[PDB]
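**Student:** Attaching a single structure in structure tokens format; questions to follow.
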Amino acid sequence: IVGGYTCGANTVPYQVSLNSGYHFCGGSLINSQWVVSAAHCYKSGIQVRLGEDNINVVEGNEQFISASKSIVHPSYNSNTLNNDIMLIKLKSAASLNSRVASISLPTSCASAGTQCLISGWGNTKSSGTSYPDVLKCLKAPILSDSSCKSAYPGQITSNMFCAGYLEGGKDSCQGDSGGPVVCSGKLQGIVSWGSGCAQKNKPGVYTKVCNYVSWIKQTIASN
Ligand SMILES: CC[C@@H]1[C@@H]2[C@H](C(=O)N1Cc1ccc3c(c1)OCO3)[C@H](c1ccc(C(=N)N)cc1)N(C)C2(C)C
Ligand SMILES: [Ca+2]
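Quick note, the sequence shown lines up with residues 315 to 537 if you use the numbering used here.
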């Protein structure tokens with residue numbers, strides 16, 4: 315997260331860290347046994363880390379649970395990042411509490427100007443590499459489709475939206491991928507892609523979760 319603030323330990327209880335010996339992506343807990351992340355975060359050997367604040371210190375409230383299966387959207391395209399969403403099933407059910415809790419899926423899409431919360435342990439610098447120990451937060455609005463498409467002509471599908479600041483300085487970045495975009499208590503996006511981080515006229519691009527609710531529900535019920 316570039317231009318953000320320290321969230322505060324466990325203030326974002328649905329945030330997860332995907333770990334393979336190091337933090338490489340975020341995700342969101344959507345019930346006690348399933349996490350939603352980005353398809354481009356797929357790899358084998360994932361451990362899901364719940365209840366984290368400092369990702370380098372065991373502080374208490376952590377739960378570490380292996381992934382049993384990761385389900386990349388069958389129509390995910392690595393070239394265009396269309397349908398950049400993946401479901402992860404935990405080997406065992408998480409213990410839900412005030413520090414580890416699920417986030418609701420939306421029943422409708424959010425509109426332009428809606429203010430959302432974005433969170434992650436990604437790079438905090440637009441020039442250079444600076445990863446934080448603790449979780450960072452950013453409030454960002456959903457941009458209009460016209461502005462999104464003007465920023466990235468021909469690259470925006472109906473499964474993507476832009477959020478952020480055209481003046482630059484505030485954005486998600488490398489290591490935030492897969493993490494949540496939460497608006498009015500609902501998961502509306504997943505950190506997917508962008509052009510650099512926090513550069514002018516190049517906002518972040520996010521997977522539009524409201525387009526996938528029926529797919530998520532159908533897939534969880536059959537797995
Ligand atoms: C595997 C995808 C990777 C991903 C993704 C990212 O941007 N990628 C490149 C990309 C750029 C434009 C595209 C595209 C892929 O497909 C269609 O158009 C990601 C990224 C995520 C968010 C932001 C940002 N908010 N500025 C910035 C970067 N990066 C840190 C990578 C991990 C390499
Ligand atoms: Ca920790």
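By construction, the Cβ of each residue, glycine as well, lies at the ideal position given by its N, Cα and C atoms.
Give me, in chain order, the residues of the same chain whose beta-carbon lies closer than 6 Å to that of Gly427; leave out the 5 immediate sequence neighbours on both sides.
**Tutor:** Same-chain partners within the cutoff: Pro455.
**Student:** Residue 311: which of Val316, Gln488, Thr443 and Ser346 sits nearest, CA to CA?
**Tutor:** Any answer about residue 311 is impossible in this case: the structure gives the chain only from 315 up to 537.
**Student:** On a Cα-Cα basis, can you pick out the residue from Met474, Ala381, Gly340 and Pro388 that is closest to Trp529?
**Tutor:** Residue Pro388 is the option with its Cα nearest to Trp529.
**Student:** Can you pull the DSSP bridge partners for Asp490?
**Tutor:** Bridge partners of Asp490: none, in fact.
**Student:** Output yes or no for whether 9 Å exceeds the beta carbon distance between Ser342 and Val496.
**Tutor:** Cβ atoms of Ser342 and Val496: closer than 9 Å.
**Student:** List in chain order: all unbroken alpha helix (DSSP H) runs of 4+ residues lying wholly within the stretch 345-385.
**Tutor:** Correct list: empty.
**Student:** Are the C-beta of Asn375 and some C-beta of chain B separated by less than 9 Å?
**Tutor:** Any reference to chain B falls outside this structure, which holds one protein chain only.
**Student:** When you compare only the Cα positions, how much space is there between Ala477 and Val371?
**Tutor:** The alpha-carbon atoms of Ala477 and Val371 are separated by roughly 32 Å.
**Student:** Quick check: does the Cβ of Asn333 come within less than 8 Å of any heavy atom belonging to ligand 2?
**Tutor:** Incorrect: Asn333 has no Cβ contact closer than 8 Å to ligand 2.
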